[PDB]
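Student: Below is a structure I'd like to ask you about.
Cβ sites come from the backbone with ideal geometry, for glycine too, and all protein chains shown count toward neighbours. Basis: the model, the stated rules and, where named, an outside source; no laboratory read-out is quoted.
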Amino acid sequence: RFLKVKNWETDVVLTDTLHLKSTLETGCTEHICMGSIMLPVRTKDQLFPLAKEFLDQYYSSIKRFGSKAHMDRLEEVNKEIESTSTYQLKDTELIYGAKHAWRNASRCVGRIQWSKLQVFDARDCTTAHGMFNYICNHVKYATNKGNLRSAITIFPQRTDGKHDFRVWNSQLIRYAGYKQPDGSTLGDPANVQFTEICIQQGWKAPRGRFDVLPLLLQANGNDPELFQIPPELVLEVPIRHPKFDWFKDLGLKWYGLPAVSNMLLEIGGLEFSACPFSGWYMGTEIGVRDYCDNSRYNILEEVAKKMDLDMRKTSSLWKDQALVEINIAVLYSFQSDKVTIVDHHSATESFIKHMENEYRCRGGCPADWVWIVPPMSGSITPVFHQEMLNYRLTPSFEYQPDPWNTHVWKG
Amino acid sequence: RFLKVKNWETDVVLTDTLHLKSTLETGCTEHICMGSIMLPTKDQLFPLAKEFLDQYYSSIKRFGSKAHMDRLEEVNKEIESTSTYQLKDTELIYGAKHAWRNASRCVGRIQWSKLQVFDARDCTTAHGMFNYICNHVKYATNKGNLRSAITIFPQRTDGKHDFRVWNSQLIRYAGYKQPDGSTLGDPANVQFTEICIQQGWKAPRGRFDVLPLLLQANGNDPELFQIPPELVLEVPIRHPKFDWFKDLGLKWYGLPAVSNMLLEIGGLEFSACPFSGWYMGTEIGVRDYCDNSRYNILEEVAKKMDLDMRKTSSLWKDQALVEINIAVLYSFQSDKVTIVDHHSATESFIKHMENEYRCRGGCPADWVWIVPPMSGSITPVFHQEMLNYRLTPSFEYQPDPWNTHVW
Ligand code: HEM
Ligand code: HEM
Ligand SMILES: Cc1cc(N)nc(CCc2cccc(CCc3cc(C)cc(N)n3)n2)c1
Ligand SMILES: Cc1cc(N)nc(CCc2cccc(CCc3cc(C)cc(N)n3)n2)c1
Ligand SMILES: C[C@H](O)[C@H](O)[C@H]1CNc2nc(N)[nH]c(=O)c2N1
Ligand SMILES: C[C@H](O)[C@H](O)[C@H]1CNc2nc(N)[nH]c(=O)c2N1
Ligand SMILES: [Zn+2]
């Protein structure tokens, strides 16, 4: 079975066979496409096959499929499962799994980098204090004084779902949001609810516009504990504009390290519920979404005001003009401070090269167009005209519900 | 069974039930989403007729009435005897409006009920077709105050007597491959232009030559006609701030009129059904002007603005893109030719979608096409979950005639 994707700018046509290895489901049917829906404990029984497909993939990749070492490993894992209802990954398999979850992440435009990922094995961690230490080391290593390096830290896997390791923060580094009695927000509206939890847990909120949130860390199903990342580890960039001298007086900054900390890494049926991972930013994540979403910092008006754009009619494209200037500012600031960042032209062009290479070497590259296309200037990037096939491969990153909704408080 | 869509900007949640009345297939499966793919008998006909007439009589609040049963009976008798049937004028108008209403990729559907339907089912020759089309064009243009219109030529019979407009739009510019190696005019139309030349068209070989119509009646060989130039309203493109802009020699036509699609109503197939509205600015300024495989003007404009084109990260493409789109909108507005910007159009669509949810139980929408090709996330549609499904009546793609036609 073969599936073809066309690029409508280049007429380049690719053939996907990889989708035949797809296990998980999409949410779509022959009658309904759910392609724009944001969010569409295992038995021994289900675990054996999952482990086996994983180990088959792993041993093929090292050109050892069907070897004695492959067979012995299957036998050993099977025995471990029947006897203990679960199993332990070798370090090599963990590394491979983590790299593959990234490689398989169809919503990630940054996948050209998938094979350079530093894996920190934190499966010997037992306490929230232990977690804090691992996370500090990850932050320092990944930050690398502005010369960012991709990394993931992997905490112990789920057992009975009652002893989960979780990082309650959605990202390791994020700014607090405070709902004011007059209904306005100070700082980042995205993080109001989590900020409230931190405050309730005893965090002394400075109540500024750019307060780095404390880490809220849960080990072994215990109640989460608050920790402050050492400020000297939190690299930040003041935002200025190359031509507009008043831009700095907007008082904007952002942090350099994007580190997603609330997803679940699934490898060979095992579930790693705390697996913070980090890379570097594409400029639009900050300049389009973080700054210009109406539900976020929402700075478009103020920027357009200072530029004295005609704001009486939308058809002046004042929003669009301000949007570009903000995004220029973000890239210029990160570059000037030597903090790794990639523009959306460069990221999408690299992604297209990655995608074609993946088709050639792997038989496919699952990709979610809705997410891959940048949130500004969509059609002047090469991904816009690229047909993509979206399907779900394992290993994978998955969403999980926010822990404050599910946690059984011990007291 | 009942499906929820969330807006991530406003937290508003809508419940879709309309998808259960879905009847065509999406191309997707539980294993693979094809969301981003551009183009994924008597016995068959009666269910299709019944389905349609049920929705029609329901709409005029006469479901299960004698007039309903009688028409169902009438159409059935017509099919068994003739192997097809004819729509009443009222049914035709209902069907056409609903094909638009159901167009999941159309952002402008708030307008769906205000569609002027021209019944050209009495047409028999390519000459008749040309007359009907000039009239549509003049009506729709309305000296710049544009009005939505569709013109419906006779339905398919045995498939050997198809009416087709060979053009993809009623008004488009020619494309010519040059000894130079580059393309003159619109590169999207090079194959069609050559077909026009090989049919006898005297091509002026300019950058903006309005293509002639190539009309096929009753399955006959297609004939050429030039639309009266006085009926083709065009707009010279200037910028409100940059005086050099006009020097690029850019213009575009006022009337977007898609002419190559197939209208399907109650199993009947209208293979020639040109329809028109008015432009959203980005269609011209982003796609027509800036696509690499179209007029591809970004480099020239960036140059004139004296932007630093050394590095992608200066966002010179993005800067030029915005300016090109300001010029488009400015030029149309100044010349009083109806146009909508992507902010206004997407805001309207959100309002339409909420109307459709509360009055119909849903609104099929294809996010990939609805989100504008520039500034996506600063339009409300970006943050709106949409369910995409296929309802009938509908507009469908069909193979280009030069592949299908037997000469
Ligand atoms: C190296 C630099 C990277 C860049 C520039 C990059 C870029 C991006 C961007 C722009 C998004 C969409 C984000 C949004 O709109 O919220 C994304 C999504 C994602 N990335 Fe990356 N990425 C990078 C590295 C990584 C790494 C190291 C991992 C994991 C090891 C990763 C896994 C993911 C996943 C799982 C998603 C989508 C989440 C979902 O399914 O909703 N990426 N990437
Ligand atoms: C009146 C103002 C209208 C506006 C502003 C508008 C807007 C648009 C836009 C921007 C597109 C995307 C086109 C592209 O990217 O190539 C589109 C698609 C489409 N529109 Fe409209 N439209 C209008 C009127 C109409 C009318 C009158 C009809 C039919 C009666 C129609 C039916 C369609 C269909 C079928 C598609 C998508 C074709 C496909 O499936 O690929 N629209 N619309
Ligand atoms: C359910 C849901 C709701 C919502 N509003 N947002 C999300 C997105 C969460 C997420 C996942 C992966 C990457 C990023 C964006 C952050 C990021 C991470 C890395 C590793 C690199 C990079 N350039 N950027 N953000 C999910
Ligand atoms: C074969 C094929 C290939 C391809 N790459 N794209 C297409 C799209 C055809 C099409 C359909 C509807 C509207 C428009 C865009 C033109 C248009 C039409 C109307 C009625 C209003 C408006 N504002 N704009 N264009 C077809
Ligand atoms: C591959 C992808 O489906 C293709 O580029 C689409 C994307 N979205 C689009 N959206 C609109 N409105 N019009 C288009 O022509 C396209 N092209
Ligand atoms: C409704 C829609 O799926 C949602 O707004 C998506 C669209 N595309 C996106 N793309 C990226 N990269 N990030 C996002 O948060 C979103 N949001
Ligand atoms: Zn789908």
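Student: Which ones in region A:168-197 are charged (D, E, K, R) and in a loop (DSSP other than H, G, I, E, B)?
Tutor: Filtering region A:168-197 for residues charged (D, E, K, R) gives A:174, A:179, A:182, A:188, A:196.
Those that are charged (D, E, K, R) and in a loop (DSSP other than H, G, I, E, B): A:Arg174, A:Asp182, A:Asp188.
Student: In the set B:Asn142, B:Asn135, which member is within 17 Å of B:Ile227 (Cβ to Cβ) and away from ligand 2 (no atom under 14 Å from the Cβ)? Can you show your working first?
Tutor: Values: B:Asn142 fails: away from ligand 2 (no atom under 14 Å from the Cβ).
Just a single option satisfies the conditions, and that option is B:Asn135.
Student: Tally time: how many residues in region B:354-366 are within 16 Å of ligand 5 (Cβ to nearest atom) and either more than 18 Å from the chain's Cα centre (by Cα) or in the same structural domain as B:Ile284 (by CATH) (or both)?
Tutor: If we filter region B:354-366 for residues that are within 16 Å of ligand 5 (Cβ to nearest atom), which is where we start, we get B:364-366.
Those still in the list that are either more than 18 Å from the chain's Cα centre (by Cα) or in the same structural domain as B:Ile284 (by CATH) (or both) too: none.
Going through region B:354-366 one residue at a time, the tally reaches 0.
Student: Got a number for residues in region B:254-299 being over 11 Å from the mean Cα position of the chain (by Cα) and within 14 Å of chain A (Cβ to nearest Cβ)?
Tutor: 20
Student: Still on this structure: For B:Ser313, all conditions in the list (1) facing chain A (nearest Cβ under 7 Å); (2) more than 16 Å from ligand 1 (Cβ to nearest atom) hold save one; what is the number of the exception?
Tutor: Failing condition for B:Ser313: (2).
Student: Another one. How many residues are in contact with a strand residue (DSSP E or B) (Cβ under 7 Å, 6 or more places away or on another chain) and more than 16 Å from ligand 2 (Cβ to nearest atom) if we restrict to region B:33-45?
Tutor: Residues meeting the conditions: 1.
Student: Of all residues in region A:15-72, which are touching an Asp or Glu at 6+ places or on another chain (Cβ under 7 Å) and within 14 Å of chain B (Cβ to nearest Cβ)?
Tutor: A:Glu25, A:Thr26, A:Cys28, A:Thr29, A:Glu30, A:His31, A:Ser36, A:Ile37, A:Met38
Student: Could you tell me whether any residue of region A:155-162 is closer than 19 Å to A:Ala122 by Cα, crowded, with 16+ Cβ neighbours inside 10 Å and within 16 Å of ligand 1 (Cβ to nearest atom)?
Tutor: Yes: one or more hits.
Student: Could you grab me the full set of residues in region B:263-276 that are within 12 Å of ligand 4 (Cβ to nearest atom) and either in contact with a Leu (Cβ under 7 Å, 6 or more places away or on another chain) or more than 15 Å from B:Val137 (Cα to Cα) (or both)?
Tutor: B:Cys273, B:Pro274, B:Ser276
Student: Identify the single condition in (1) small (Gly, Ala, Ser); (2) on the phi > 0 side of the Ramachandran plot; (3) surrounded by 14 or more Cβ atoms within 10 Å (Cβ to Cβ) that B:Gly175 does not satisfy, given that it satisfies every other one.
Tutor: Going through (1) small (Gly, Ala, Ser); (2) on the phi > 0 side of the Ramachandran plot; (3) surrounded by 14 or more Cβ atoms within 10 Å (Cβ to Cβ) one by one, B:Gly175 breaks only (2).
Student: Can you confirm whether region B:210-222 contains a residue that is buried (at least 16 other Cβ atoms within 10 Å of the Cβ) and among the charged types (D, E, K, R)?
Tutor: Looking through region B:210-222, none of the residues is buried (at least 16 other Cβ atoms within 10 Å of the Cβ) and among the charged types (D, E, K, R).
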